[PDB]
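S.K.: Quick one: the structure is below, and I'll ask about it shortly.
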Amino acid sequence: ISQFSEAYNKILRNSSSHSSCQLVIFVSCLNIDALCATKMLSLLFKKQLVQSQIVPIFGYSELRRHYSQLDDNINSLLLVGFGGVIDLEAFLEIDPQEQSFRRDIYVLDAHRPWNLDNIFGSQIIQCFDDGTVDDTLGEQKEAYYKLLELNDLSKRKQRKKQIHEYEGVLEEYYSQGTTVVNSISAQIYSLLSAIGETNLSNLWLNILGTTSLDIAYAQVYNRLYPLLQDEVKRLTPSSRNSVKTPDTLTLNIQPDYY
Amino acid sequence: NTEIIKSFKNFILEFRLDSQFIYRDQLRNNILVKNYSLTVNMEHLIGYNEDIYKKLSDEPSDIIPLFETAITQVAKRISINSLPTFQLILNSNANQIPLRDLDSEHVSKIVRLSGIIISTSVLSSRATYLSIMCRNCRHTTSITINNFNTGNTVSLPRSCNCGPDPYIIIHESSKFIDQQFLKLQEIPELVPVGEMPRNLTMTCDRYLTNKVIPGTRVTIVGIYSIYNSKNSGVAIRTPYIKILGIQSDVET
């Protein structure tokens, strides 16, 4: 539903100013996939001159102390790795604060249950609702819409049976295992392809992004491999090389062992 | 012999890490202090080229005296009269060979090891460049020896007929160097439960003399070579390590 370039300009209209703490990002300290995804999210905010924070978060209780204490210049927020599974309006206790809300949250996740009260009901929590993880499933959608509406015994029991069957569908979702669909550090590169900054170093933070989940994780690495074997061929200096000059970093595919 | 100088002469001039290049700044600061040596880290050879280290690892006795004349053609591109032959000191860290297992396979191969030094000796003199005249012909010449393989590998010729070995060394025009003759004992934590601790004897060149006191823990990078003096068997040689580069610890 929300793509990237319309949401990228939504972060530059409210952050390019004189004060420093205009946006704040939060990083989980464990996912290596969440480490490369912020290392190339500083380079994107260094060439456009926006001032920021980079705060690491370990626990789940440490997110509550850091968030519920320091709220003066939140003209934006950002959150990488966390926020996929647990309902944020019900956990941070956020209420309506004035369309044209004072605070945006842009979660980035790599997990299975979408947690429908974050994606839908997006008053302030901007989703990540392109069909990558979403896959455009409709049975989740209408059951969420045919619930929030609150001879009369005949239809209301039929409504109660409709209450009874629809939560059965909501127990087919929200009853599932948490694994990884896409890596995070391939998703931000799809944002860097549209804006127009893809160096050679901003490619080296995806090969470290989507090799962390090859060895010890599920392998979607077999489906993310033909997309990175072409972005290496595209940015290549020449066919035949000079004989090993002390400059010229050259990354190139090679038969490598396990 | 030919053109392997130029494959090394480009290595000193053109080796360069990120911003400041080392072997034209280590060769210049060791002439102003009058130090006359150089220290090659051996990992930087094989990163620059593998064909050079392939020759050096196979037959080291004939190529290191070719690199010593490849330095003294570069120090005349910096100073511009007496510049002697430079000395090559190298160090690395691959894998220690323990002192007990030195087979007959490691003859003339770069070998590093470790141990405790027992004793030293008094200094001596070896000749590098000497001047010869014949007794009857009085035909002068000059033999310049630079290779080191202890007794005799290069000697006087037999004719410039004249008699058996008509040659005299003249002591008024020559150059000389030093030798040191250490001894080295293995570390007692590789315990010989039914054996005594063995030992070897090394040699040292002109710029490693008087560097180490008896009783330290050293690591020594050298050429495991052989010599055949009779100072007990038939066709028996004796082993010794020609040191080129002693990497001691902090002396403490």
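Using ideal geometry, Cβ is built from the backbone for each residue, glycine included, and neighbour counts are taken over all protein chains shown. Only the coordinates and a few stated rules stand behind these numbers; no lab work does.
S.K.: For the residues A:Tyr258, B:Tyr48, what sequence is obtained by ranking on other C-beta atoms within 10 Å, fewest first?
M.R.: Going from least to most buried by this count: A:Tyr258, B:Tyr48.
S.K.: Based on Cα coordinates alone, diagonalise the gyration tensor for region B:126-177, multiply each eigenvalue by 5, take square roots, and list the semi-axes in whole Å, largest first.
M.R.: The equivalent ellipsoid of region B:126-177 has semi-axes of 21, 14, 8 Å.
S.K.: Taking a ≥ b ≥ c as the square roots of the eigenvalues of the Cα gyration tensor of the protein assembly as shown, is the shape rounded (a/c under 1.5), prolate (a/b larger than b/c) or oblate?
M.R.: prolate
S.K.: Within 11 Å, Cβ to Cβ, of B:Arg77, how many net charges do the neighbouring residues add up to if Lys/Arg are +1 and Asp/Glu are -1?
M.R.: Taking every other residue near B:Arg77 into account, the sum is +4.
S.K.: Rounded to the nearest 0.05, what FRET efficiency do A:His18 and A:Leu227 give with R0 = 35 Å and r taken as the Cβ-Cβ distance? Could you check?
M.R.: 0.30
S.K.: Under 25 Å Cα to Cα from B:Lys55, which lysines show up? Leave out anything in the same chain fewer than 8 places away.
M.R.: Correct list for B:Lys55: A:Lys244, B:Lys6, B:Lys9, B:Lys109, B:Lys242.
S.K.: Based solely on its DSSP helices, what 222 nm [θ] is calculated for chain B when runs of n ≥ 4 H residues each add -39,500 (n - 2.57) and the sum is averaged over all residues, nearest 500 deg cm²/dmol?
M.R.: -3500 deg cm²/dmol
S.K.: Mind putting a number on the dipole of region A:1-237 about its Cα centre? Charges go on the C-beta only, +1 for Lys and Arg and -1 for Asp and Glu, and I need it in Debye to the nearest 20.
M.R.: Charge dipole of region A:1-237: 280 debye, to the nearest 20.
S.K.: Residue-wise, which Karplus ³J(HN,Hα) couplings in Hz belong to region A:163-168, taking 6.51 cos²θ - 1.76 cosθ + 1.60, θ = phi - 60°, and x for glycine or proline?
M.R.: Listing the rounded values in order: 5, 6, 7, 7, 6, x Hz.
S.K.: Enumerate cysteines in chain B without a disulfide-compatible partner, where compatibility requires another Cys Cβ under 4.7 angstrom.
M.R.: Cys with no partner Cβ under 4.7 Å: B:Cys160, B:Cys162, B:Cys204.
S.K.: Give the residue list of GluC sites (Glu not before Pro) in region B:18-79 that are DSSP loop and have at most 16 other beta-carbon atoms within 10 angstrom.
M.R.: B:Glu50
S.K.: Within region B:102-119, which residues have the backbone N less than 17 Å from the label spot 7 Å out from B:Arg126 along Cα→beta-carbon, could you tell me?
M.R.: Counting backbone N atoms under 17 Å from the label point, the list is B:108-111.
S.K.: At a Förster distance of 25 Å, what's the computed FRET efficiency of B:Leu32 paired with B:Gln73, Cβ-Cβ distance as r, to 0.05?
M.R.: The computed FRET efficiency comes out at 0.80.
S.K.: For chain B, what is the largest minus smallest coordinate of the Cα atoms on each principal axis, given in angstrom and ordered from greatest to least?
M.R.: Projected onto the principal axes, the Cα atoms of chain B cover 64, 59, 35 Å.
S.K.: Please state, to two decimals, what the Cα-based radius of gyration of region B:1-130 comes to when divided by 2.2 N^0.38 Å (N = residues).
M.R.: Relative to the 2.2 N^0.38 Å estimate, region B:1-130 comes out at 1.21.
S.K.: As a test of the formula, what do you get for chain A when each DSSP H run with n ≥ 4 contributes -39,500 (n - 2.57) and the sum is divided by the residue count, at 222 nm and rounded to the nearest 500 deg cm²/dmol?
M.R.: Helix contribution divided over all residues of chain A: -8000 deg cm²/dmol.
S.K.: At 0.36 nm per residue, minus the direct Cα-Cα distance, what do B:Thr209 and B:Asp165 gain on full extension? Give it in nm, one decimal, please.
M.R.: 12.4 nm
S.K.: Using the crude model of +1 on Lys and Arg Cβ and -1 on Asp and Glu Cβ, and no other charge, please compute the dipole size for the protein assembly as shown relative to its Cα centre, in debye to 20.
M.R.: About 2800 debye.
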